[PDB]
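Form deposited in one PDB entry, single chain, as structure tokens, below.
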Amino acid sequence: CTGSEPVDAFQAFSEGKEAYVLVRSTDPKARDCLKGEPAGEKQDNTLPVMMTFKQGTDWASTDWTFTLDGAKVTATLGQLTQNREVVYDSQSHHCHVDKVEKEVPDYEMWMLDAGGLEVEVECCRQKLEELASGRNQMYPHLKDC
């Protein structure tokens, strides 16, 4: 299950050309149907992204600025900041696993919303299990999305 190495966030995001959906999270507060979609070309070391999600039955969308530094991703919206590091990226950049850096860290698995490359998907799941062993996983994309 060796993936893409060394890990690079821009590469993990298919060079800002694709949308990714959150499929596994250890965070009980993870947004239902969370998806990230590029909203413009890379500008310097940043990438504009729209994050879409569903709250109850209502769809919502927020505008974030991603600052990339190797495998590190700093996402900002107004006074809000979320820090992550991409810790595993599949061979073809089809899925990846993040560590969400904060007091009690959380882990996430994101993937292209397209089908295929099941072996790479299984590898991401295995890697998430290793990084987050013993943590309960929730499934944000299995929320009638």
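One-based numbering along the sequence shown.
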* Looking at the entry, does 91 to 99 or 63 to 71 show the higher mean C-alpha B-factor? -> 63 to 71
* Mean C-alpha B-factor higher for 121 to 129, or for 21 to 29? -> 21 to 29
* Asked: Whose C-alpha has the highest temperature factor in the PDB entry: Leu80, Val49, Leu34, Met111?
  -> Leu80
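From this point on, the text means the form deposited with a partner chain bound, which you will not see here.
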* So, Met109, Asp113 and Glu120: all three within 4.5 Å of its partner chain in the entry with it bound by heavy atoms, or not? -> yes
* To do: Classify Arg125 as contacting or not contacting its partner chain in the entry with it bound by the rule of any non-hydrogen atom within 4.5 angstroms, answering yes or no.
  => yes
* Taking heavy atoms only, is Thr81 within 4.5 angstroms of its partner chain in the entry with it bound? -> no
* Proximity of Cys145 to its partner chain in the entry with it bound, heavy atoms at 4.5 Å -> yes
* Asked: Does any heavy atom of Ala9 come within 4.5 Å of a heavy atom of its partner chain in the entry with it bound?
  -> no
